[PDB]
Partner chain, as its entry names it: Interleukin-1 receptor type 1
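Here we start with a single chain on its own, the form solved without the partner chain, put down as structure tokens.
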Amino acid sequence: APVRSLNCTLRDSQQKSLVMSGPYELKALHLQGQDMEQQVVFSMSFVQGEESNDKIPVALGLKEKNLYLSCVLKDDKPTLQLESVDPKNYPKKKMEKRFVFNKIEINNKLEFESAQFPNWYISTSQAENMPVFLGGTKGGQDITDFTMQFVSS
């Protein structure tokens, strides 16, 4: 209850929208028009962590589902996953580190760094219908910057 949330959608800098692939996967694809319906709405929560003018810790859950983006090791590799949680205990202000991302504002765009694995960012691929992932390479050919749209649902 003592958590401030905010509904929104994310679009990568290449203007791709995010959509639920499997029950636990997000995909980024060029979506437009009415078809923009298969687009995911997040509830962004301002949680506890080391706040700053340029870094704001948030948790990213799907709007009315008990599903959260979390960063864990899977094969020794930092990996982004959708994690289901107790729908009674979430969201909360002191989320577990896995669930926390630092939101960074860069040139009217956003980057989400994993608080658990520093310098690892939520990333999308140049190509479409590719899954959203955790990447340890800023710049490069993979996209780590986003734009956010305020919404509601």
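For clarity, a rigid core is taken as the largest C-alpha set superposing within 1.5 Å between two forms. Residue numbers count along the first chain shown, from 1. Shifts are known only where both forms have a C-alpha.
Quick check: 53-61 versus 118-126, which has the larger average CA B-factor in the record?
Higher of the two, by average CA B-factor, is 53-61.
Decide which of the stretches 40-48 and 86-94 has the higher mean C-alpha B-factor, going by the entry.
Comparing 86-94 with 40-48, the higher average CA B-factor belongs to 86-94.
Per the PDB entry, which option out of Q34, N66, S70, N102 has the greatest Cα B factor?
Going by the entry's C-alpha B-factors, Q34 comes out highest.
Looking at the entry's B-factor column for C-alpha atoms only, identify whether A1 ranks in the lowest, middle or highest third of its chain.
Highest third - that is where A1 ends up once the chain's C-alpha B-factors are sorted.
Per the entry's values, where does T147 land by CA temperature factor relative to the rest of its chain, in the lowest, middle or highest third?
Lowest third - that is where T147 ends up once the chain's C-alpha B-factors are sorted.
Against its chain's modelled residues, does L134's Cα B factor rank lowest, middle or highest third?
Tercile = lowest for this residue's CA B-factor.
Ranked by Cα temperature factor within the chain, is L110 in the lowest third, the middle third or the highest third?
Middle third, going by the recorded CA B-factors of the chain.
Taking the values exactly as deposited, rank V19 by C-alpha B-factor within its chain and report the matching third: lowest, middle or highest.
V19: CA B-factor falls in the middle third of its chain.
Below: the form deposited with the partner chain bound, not depicted.
Would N53 count as moving between this form and the one not shown, using a Cα shift of 2 angstroms or more after superposing the core as the test?
Yes, its C-alpha moves 2 Å or more.
Taking the rigid core as fixed, pick out the runs of 3 or more consecutive residues whose CA atoms all shift by at least 2 Å between this form and the one not shown, and give them in sequence order.
Moving stretches, in sequence order: 50-54, 106-108.
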